[PDB]
Amino acid sequence: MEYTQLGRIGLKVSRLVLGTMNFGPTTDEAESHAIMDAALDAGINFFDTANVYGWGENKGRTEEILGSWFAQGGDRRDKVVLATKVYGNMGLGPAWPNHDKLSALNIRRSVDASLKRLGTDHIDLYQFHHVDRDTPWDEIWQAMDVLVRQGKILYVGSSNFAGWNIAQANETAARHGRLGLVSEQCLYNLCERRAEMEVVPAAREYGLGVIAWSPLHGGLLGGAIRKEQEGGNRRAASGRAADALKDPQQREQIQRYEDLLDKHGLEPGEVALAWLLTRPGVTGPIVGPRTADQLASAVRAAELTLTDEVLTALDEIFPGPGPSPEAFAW
Amino acid sequence: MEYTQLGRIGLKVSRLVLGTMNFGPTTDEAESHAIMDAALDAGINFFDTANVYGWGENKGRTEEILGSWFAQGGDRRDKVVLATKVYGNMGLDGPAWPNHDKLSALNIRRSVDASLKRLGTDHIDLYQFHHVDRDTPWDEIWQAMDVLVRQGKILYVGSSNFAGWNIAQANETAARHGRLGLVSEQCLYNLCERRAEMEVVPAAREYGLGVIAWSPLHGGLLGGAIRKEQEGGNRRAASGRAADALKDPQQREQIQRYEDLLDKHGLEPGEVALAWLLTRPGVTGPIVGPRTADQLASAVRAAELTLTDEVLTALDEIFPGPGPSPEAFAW
Amino acid sequence: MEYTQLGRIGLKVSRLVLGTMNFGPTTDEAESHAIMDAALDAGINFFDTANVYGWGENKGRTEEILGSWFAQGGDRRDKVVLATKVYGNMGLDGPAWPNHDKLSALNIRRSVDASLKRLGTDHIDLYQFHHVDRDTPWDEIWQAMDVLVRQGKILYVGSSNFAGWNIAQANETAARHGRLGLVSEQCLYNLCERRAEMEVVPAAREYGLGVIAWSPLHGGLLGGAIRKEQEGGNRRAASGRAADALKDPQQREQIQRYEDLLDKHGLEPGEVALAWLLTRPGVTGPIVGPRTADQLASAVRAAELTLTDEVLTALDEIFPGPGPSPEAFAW
Amino acid sequence: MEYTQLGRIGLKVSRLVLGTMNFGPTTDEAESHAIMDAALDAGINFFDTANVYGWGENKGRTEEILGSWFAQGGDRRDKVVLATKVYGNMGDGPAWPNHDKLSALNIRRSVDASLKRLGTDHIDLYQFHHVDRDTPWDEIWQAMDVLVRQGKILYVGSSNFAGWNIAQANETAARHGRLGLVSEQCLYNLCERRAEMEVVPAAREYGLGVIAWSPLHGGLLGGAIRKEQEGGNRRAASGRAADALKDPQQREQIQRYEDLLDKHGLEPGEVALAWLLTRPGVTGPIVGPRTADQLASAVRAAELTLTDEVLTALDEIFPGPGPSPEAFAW
Ligand SMILES: NC(=O)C1=CN([C@@H]2O[C@H](COP(=O)(O)OP(=O)(O)OC[C@H]3O[C@@H](n4cnc5c(N)ncnc54)[C@H](OP(=O)(O)O)[C@@H]3O)[C@@H](O)[C@H]2O)C=CC1
Ligand SMILES: NC(=O)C1=CN([C@@H]2O[C@H](COP(=O)(O)OP(=O)(O)OC[C@H]3O[C@@H](n4cnc5c(N)ncnc54)[C@H](OP(=O)(O)O)[C@@H]3O)[C@@H](O)[C@H]2O)C=CC1
Ligand SMILES: NC(=O)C1=CN([C@@H]2O[C@H](COP(=O)(O)OP(=O)(O)OC[C@H]3O[C@@H](n4cnc5c(N)ncnc54)[C@H](OP(=O)(O)O)[C@@H]3O)[C@@H](O)[C@H]2O)C=CC1
Ligand SMILES: NC(=O)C1=CN([C@@H]2O[C@H](COP(=O)(O)OP(=O)(O)OC[C@H]3O[C@@H](n4cnc5c(N)ncnc54)[C@H](OP(=O)(O)O)[C@@H]3O)[C@@H](O)[C@H]2O)C=CC1
Ligand SMILES: NC(=O)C1=CN([C@@H]2O[C@H](COP(=O)(O)OP(=O)(O)OC[C@H]3O[C@@H](n4cnc5c(N)ncnc54)[C@H](OP(=O)(O)O)[C@@H]3O)[C@@H](O)[C@H]2O)C=CC1
Ligand SMILES: NC(=O)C1=CN([C@@H]2O[C@H](COP(=O)(O)OP(=O)(O)OC[C@H]3O[C@@H](n4cnc5c(N)ncnc54)[C@H](OP(=O)(O)O)[C@@H]3O)[C@@H](O)[C@H]2O)C=CC1
Ligand SMILES: NC(=O)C1=CN([C@@H]2O[C@H](COP(=O)(O)OP(=O)(O)OC[C@H]3O[C@@H](n4cnc5c(N)ncnc54)[C@H](OP(=O)(O)O)[C@@H]3O)[C@@H](O)[C@H]2O)C=CC1
Ligand SMILES: NC(=O)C1=CN([C@@H]2O[C@H](COP(=O)(O)OP(=O)(O)OC[C@H]3O[C@@H](n4cnc5c(N)ncnc54)[C@H](OP(=O)(O)O)[C@@H]3O)[C@@H](O)[C@H]2O)C=CC1
């Protein structure tokens with residue numbers, strides 16, 4: 001397993017991050033535990049979760065499933081960089097005021113609930129699930145600093161920010177000696193490359209890690225066409241993946257992709273993961289296995305070496321915009 | 001004429017900015033001078049130029065045309081908010097001698113002196129970075145700009161062709177030491193190119209910069225370029241961005257739908273494109289690029305136009321925009 | 001016993017610092033406790049340890065031995081300035097699990113709780129970075145240290161095996177936000193190894209840090225290791241730094257001339273090495289490394305020694321220093 | 001000609017810096033002018049001089065030689081990044097108090113005398129010739145900021161600093177908005193590598209350029225043994241080169257070096273220049289041609305590509321210490 005610094009900070013992380021969103025809705029508790037043990041054995045030390053994971057009436061069950069994995073002992077908590085999230089609504093449409101978003105009030109109650117469900121006295125990387133345009137950064141950093149100085153959190157990260165939100169957050173932190181965002185968790189894969197325009201350039205300038213969520217675009221990139229005939233699609237049958245397959249242009253993009261990999265004898269989920277590991281500034285993908293065999297597939301992807309010929313072919317099927325301002329001006 | 005504050009600062013500007021890029025290579029000195037006179041009489045107090053305008057062997061020619069305009073007296077200099085730019089290469093077109101382009105303190109020093117001499121004035125009101133320079137750090141840039149501010153050679157600093165995050169970083173760096181940051185960003189924004197909506201304009205609004213849109217007609221493409229296609233002359237639409245766009249069928253189809261839609265409503269295409277930008281949140285105004293006195297008078301009419309809800313939603317249907325990031329590509 | 005301030009801060013320490021690295025692997029618990037009783041009896045109030053001391057499968061034993069010493073009551077904890085360290089890997093062999101070594105806020109959090117538990121105390125007086133960690137930035141480091149300061153778990157932060165510029169960067173970073181910076185640097189400094197004079201000690205003096213010299217006998221090399229090679233008696237001087245040095249003919253001759261020189265002046269070689277450090281400008285004191293009670297008594301006599309200008313000049317001839325940079329390699 | 005950024009700042013410089021110390025005492029004015037013409041023709045845009053160059057009674061002659069070179073028009077001043085120094089006594093022996101070192105008083109008088117000899121209104125890179133332990137950085141930066149605001153200088157650089165002087169200087173400048181040191185000029189070559197302990201690592205941390213002076217160790221690395229018997233006005237017959245040849249251990253090193261290059265068919269002056277160009281953090285060497293052909297030789301050196309065998313062999317003869325604390329502790 002390959003390791004790297006999370007951006008500028010002293011934390012060392014595997015280049016595969018174990019995403020846990022499937023643990024609960026799609027993967028049951030015992031198989032989730034087995035995937036986590038296997039991730040440790042493979043050397044993955046960085047787990048991503050969220051308070052909202054679990055779905056519906058079971059929002060929080062993913063954190064509880066990690067809670068019960070830690071509670072088995074065997075140094076599991078001490079070996080894992082534990083990341084979770086605040087912002088989302090923990091109830092079932094419109095949230096009660098200040099029971100979502102990034103007000104200091106919601107941060108206080110959400111961290112306590114997450115810490116209770118995880119059965120740990122601290123979160124290593126506490127992440128904003130989304131930018132909240134209504135909460136100023138001096139409020140946010142007050143809230144996080146209270147938790148840092150109490151020992152309840154160590155690091156702060158962002159998710160689904162714009163590039164200028166990262167700049168504003170970390171400049172505001174720096175004014176008063178505070179450690180800023182250490183990482184941005186953004187959507188980035190072969191199908192969706194617009195994080196290249198500003199999010200990733202800004203993350204690189206401010207020395208944040210970049211960890212890519214839905215690195216297979218919700219399963220689209222892991223052989224979802226091939227699997228339509230055999231009914232192997234689960235997550236790839238809803239959400240981003242199903243919407244993309246319904247669109248003729250996007251579907252044919254995936255078709256050329258699966259065909260090209262057939263010619264080269266490569267697995268499509270592994271190529272997509274390995275492709276992110278080549279992108280400048282990307283710490284690594286947050287893999288989303290539903291089975292232990294999908295985790296092992298991800299582990300093999302971390303060792304894949306893509307040829308320049310495949311890389312340029314993938315670029316031709318899935319072009320990116322590159323950085324702003326050049327992406328749309330000159 | 002409608003006026004507004006330039007973002008957060010005390011400067012008041014007309015919602016039309018006179019672009020001068022045509023003055024020299026496309027419009028001769030005499031028509032250039034009459035456009036500016038008509039612009040002043042219309043109430044336009046905000047002029048944008050650059051050291052490189054004039055093109056080719058005549059880079060600098062535009063600044064000189066503005067200089068001989070000012071030298072006529074008549075309160076012209078005192079009345080005009082004068083903006084020029086630094087970054088471009090001023091030598092032989094081709095690879096620049098090191099530090100004769102970009103935003104080193106060295107090039108800023110030599111460029112502003114040469115602009116002042118050609119403009120024949122002792123100060124520039126709005127000195128703009130023509131493009132982001134990823135290799136010059138902001139404490140170097142702001143040192144160079146502040147030297148000029150304290151000498152009285154410039155008043156305000158602005159940006160052009162920045163990423164939203166460059167705006168944040170520039171103004172956070174300026175604010176740490178009590179300097180006035182960027183006051184405006186000059187970005188490509190029109191009906192055909194809306195991606196400044198993702199992060200440039202949101203960042204500019206958060207930091208209280210003016211937003212002034214260059215090539216607001218996409219270089220002539222939205223000026224009735226199809227209807228006038230087989231016409232001739234020195235039309236800006238007959239080459240560059242507008243021509244290349246008309247040879248792509250998808251882009252060409254958009255313009256066709258647009259000109260047809262405006263026939264149905266009795267509206268001029270050039271005028272609608274300007275009026276449409278004036279409705280966009282955070283936009284100070286377009287930088288209009290008249291070739292002729294009559295195109296300027298037409299720009300002035302566009303600032304009095306009131307587009308209906310019906311035309312706006314139809315314009316959206318032809319030219320959809322992405323919205324802000326991250327919602328534009330994530331959720 | 002002579003006392004001095006630790007660099008610029010209000011803390012007063014004896015100029016002999018008790019090192020404990022031998023306590024466990026080389027000196028058993030009973031003799032380690034006797035050595036500590038006798039150090040307190042001689043007025044030594046400043047003890048240096050580390051989480052890794054104990055070796056191999058017994059990393060942590062040295063801290064546990066101090067813990068059981070403090071547990072014997074008698075004002076011991078209250079009387080001693082207790083220093084320990086974080087950075088080292090606590091596991092047996094091979095590369096550490098990620099973030100179970102080095103200076104991330106994550107390892108700092110877990111290392112100080114394990115140290116506090118082994119030491120059986122609610123605070124460490126001087127919490128030291130065992131080594132520079134080039135991968136952790138200072139705003140992360142000072143965040144984790146400031147958490148412990150405000151909780152009352154540490155009082156003071158120090159460095160060890162830093163470069164001079166790390167010292168400067170650390171304390172400049174702390175001072176920008178009203179944090180007390182590093183209060184001391186623990187660096188290798190003795191007759192045999194003098195290159196800390198190039199830049200580490202100068203930076204430490206500029207920033208007002210104490211300087212406490214580890215392996216002040218160069219791992220026993222300077223305590224009569226050649227004589228004891230035939231009489232028997234080398235333990236620590238049989239391995240590591242000292243064994244390597246004697247494997248080199250030029251370094252072995254330095255030691256020979258050293259022991260010859262002191263035979264003639266009637267002086268003990270370990271005592272001269274300690275006393276020489278006490279003369280070096282900026283040096284708070286040596287961290288003595290006694291293996292036995294009698295080696296501690298020897299160290300205490302060395303703190304009363306006075307080395308003549310003749311001896312000092314002879315030692316400088318045998319063991320030349322580089323002096324400060326840039327003069328050491330340039331002019 | 002290869003160009004690079006001078007450390008972190010926006011200034012672009014040729015990786016060969018033209019040193020001028022020979023111009024006056026060693027190379028006459030006509031050939032000095034000729035060397036400068038050749039340097040500019042080869043694309044070198046970065047010249048180093050000092051107020052004291054000229055030596056003895058003729059301190060200032062080098063700046064005067066550059067002054068008359070600029071006066072021959074040709075876009076010369078506009079094209080050259082012009083660098084000189086302050087610290088040295090301009091009156092030889094014990095200096096009148098405040099007529100050497102870095103007091104605000106000596107800085108004021110030295111820069112005016114330098115600007116007059118150079119016949120220019122501004123110095124692009126004004127460098128401290130040496131650390132001055134008796135002047136504090138708030139006084140130095142006050143003096144330099146007066147010059148920046150009057151437009152008499154653009155950039156400040158250091159020379160013969162310790163690494164910790166660099167950190168203290170730039171931390172002090174950054175505290176109050178000032179651009180700190182942009183470059184450090186240090187003794188660094190195959191024979192003298194102790195800048196690797198702390199000077200160069202500190203420069204790299206603070207984003208300083210690194211330009212090495214006497215990159216052939218005063219001619220010692222330019223073929224000095226092959227040429228030891230020949231007469232003439234050779235730098236290698238005097239100064240530090242001659243002292244090293246009288247030490248047996250340093251002569252043997254040069255012998256092995258010259259012999260090694262005989263077998264590979266390489267020129268010793270060019271190899272040493274090319275070697276510095278491989279060192280991480282190093283902007284470039286400050287070449288010290290005595291003749292126009294020695295300049296052409298330096299230009300070829302910047303195009304040489306040393307092989308790993310040669311690099312390993314050079315490391316065997318000329319071992320470096322590496323960074324502190326590892327170089328002496330662990
Ligand atoms: N910050 C945010 O806003 C978001 C965060 N995340 C985080 O990132 C993690 C990954 O997100 P996710 O969408 O699940 O990731 P993916 O894009 O990789 O989709 C996961 C699905 O892809 C399929 N798949 C997984 N691994 C492989 C493999 N080797 N080979 C082939 N197919 C494979 C499975 O599909 P199938 O079920 O059909 O078998 C899996 O359920 C999440 O667990 C979460 O922690 C994700 C969403 C939003
Ligand atoms: N209230 C909640 O907690 C959640 C609500 N949803 C709903 O699902 C819809 C789209 O997601 P889905 O169809 O299930 O699968 P998708 O393939 O479209 O999206 C996959 C992941 O993207 C993230 N996401 C996408 N859209 C939203 C949104 N409005 N709000 C919050 N997170 C979003 C979620 O991950 P992530 O949880 O990391 O944000 C989701 O698991 C949304 O309209 C949303 O209302 C989806 C997930 C959580
Ligand atoms: N910061 C930067 O990088 C850039 C800055 N700019 C600045 O922005 C200014 C505008 O740029 P430019 O490309 O010229 O802007 P436009 O795209 O609006 O104008 C180009 C052409 O549009 C047509 N036109 C202009 N006004 C009208 C009008 N009322 N009605 C109908 N057609 C009209 C003319 O085309 P035709 O000749 O075919 O009739 C004109 O020559 C420039 O002068 C410059 O100051 C411009 C480019 C880059
Ligand atoms: N053969 C030619 O190209 C000739 C051009 N001109 C004048 O040049 C202008 C049109 O420029 P053109 O490039 O031909 O067509 P484009 O439509 O491609 O360029 C429009 C403007 O965008 C900006 N720009 C676009 N690309 C670049 C780039 N690599 N680098 C720097 N700036 C860029 C320039 O404005 P900005 O300078 O503000 O950056 C340019 O004037 C017109 O004003 C025309 O009068 C005159 C005679 C001949
Ligand atoms: N920060 C860091 O990296 C380091 C920290 N340290 C700290 O510094 C302390 C000293 O280190 P250490 O290497 O032990 O110091 P020394 O250089 O003094 O070596 C100790 C050995 O020297 C001999 N000796 C000790 N005292 C005398 C004396 N009066 N007279 C004659 N010989 C004597 C004994 O040798 P013998 O066994 O042969 O009898 C002893 O085991 C350590 O305990 C530790 O606290 C030390 C190493 C690294
Ligand atoms: N702590 C150790 O002794 C470790 C040693 N090693 C390996 O053993 C060699 C030195 O062992 P030893 O004979 O005891 O050293 P020496 O006898 O030569 O030096 C004595 C002390 O120096 C310190 N030290 C020296 N090298 C290292 C190193 N890589 N890492 C951490 N501390 C070091 C240790 O003190 P202190 O613990 O205070 O730093 C050691 O007690 C090294 O080459 C290394 O490869 C590897 C990891 C840890
Ligand atoms: N900041 C400081 O303290 C210092 C600054 N400097 C600056 O650095 C510059 C270089 O210093 P300097 O000592 O002259 O550098 P060198 O050590 O490279 O040059 C001295 C001699 O090297 C020989 N030589 C030069 N070029 C070549 C070449 N291609 N091929 C073979 N031999 C060659 C010549 O020796 P020979 O005559 O025998 O043929 C030359 O006179 C100086 O001009 C000055 O700008 C220099 C010293 C101190
Ligand atoms: N002493 C002599 O016999 C004569 C010397 N010269 C010139 O002086 C240079 C010969 O070097 P030399 O000084 O004799 O001995 P070195 O060769 O050891 O010195 C070479 C350079 O290092 C720098 N330097 C070295 N030591 C000192 C020091 N105490 N103080 C200040 N700077 C120092 C000087 O450059 P920097 O000034 O940049 O610091 C010097 O030019 C040549 O450039 C020569 O042209 C000319 C006529 C007679």
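Note on naming: letters A, B, ... go to the chains in the order of the sequence lines (proteins, then strands), and numbering restarts at 1 for each one. Hydrogens, waters and symmetry mates play no part in the numbers below; they use all other heavy atoms, side chains included. Numbering of ligands and ligand atoms starts at 1, following listing order.
Within the 4.5 Å cutoff, the side chain of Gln127(D) has no heavy atoms near those of the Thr84(D) side chain.
For atom 39 (O) of ligand 4, the nearest protein heavy atom (residue, atom name, distance) is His130(B) NE2, 3.2 Å. Atom 17 (O) of ligand 4 has its closest protein heavy atom at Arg241(B) N, 2.8 Å.
For atom 31 (C) of ligand 2, the nearest protein heavy atom is under 4.0 Å away. The nearest protein heavy atom to atom 43 (O) of ligand 4 is closer than 4.0 Å. Under the 4.0 angstrom criterion, atom 14 (O) of ligand 4 counts as lacking any protein heavy-atom contact. In this structure, atom 11 (O) of ligand 2 is not in close contact with the protein, since no protein heavy atom lies within 4.0 Å of it. Protein heavy atoms are found less than 4.0 angstrom from atom 35 (O) of ligand 2. Atom 20 (C) of ligand 2 lies below 4.0 Å from at least one non-hydrogen atom of the protein.
Of all the heavy atoms of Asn22(D), the ones lying under 4.0 Å from any atom of ligand 7 belong exclusively to the side chain. Contacts between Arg236(B) and ligand 4, counted as non-hydrogen atom pairs separated by less than 4.0 Å, involve the side chain only. Counting heavy atoms under 4.0 Å from ligand 7, residue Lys85(D) touches it through the side chain alone.
The atoms of ligand 4 that sit less than 4.0 Å from any heavy atom of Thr26(B) are 45 (O). Applying the 4.0 Å criterion to heavy atoms of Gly240(B) picks out, from ligand 4, the atoms 15 (O), 17 (O). Taking every non-hydrogen atom of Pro25(B) and a distance limit under 4.0 Å, the qualifying atoms of ligand 4 come out as 45 (O), 46 (C).
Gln185(D) counts as a contact of ligand 7, since one of its heavy atoms falls under 4.0 Å from the ligand.
The N/O atoms of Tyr53(A), backbone and side chain alike, include one that comes under 3.5 Å of an N/O atom in ligand 2.
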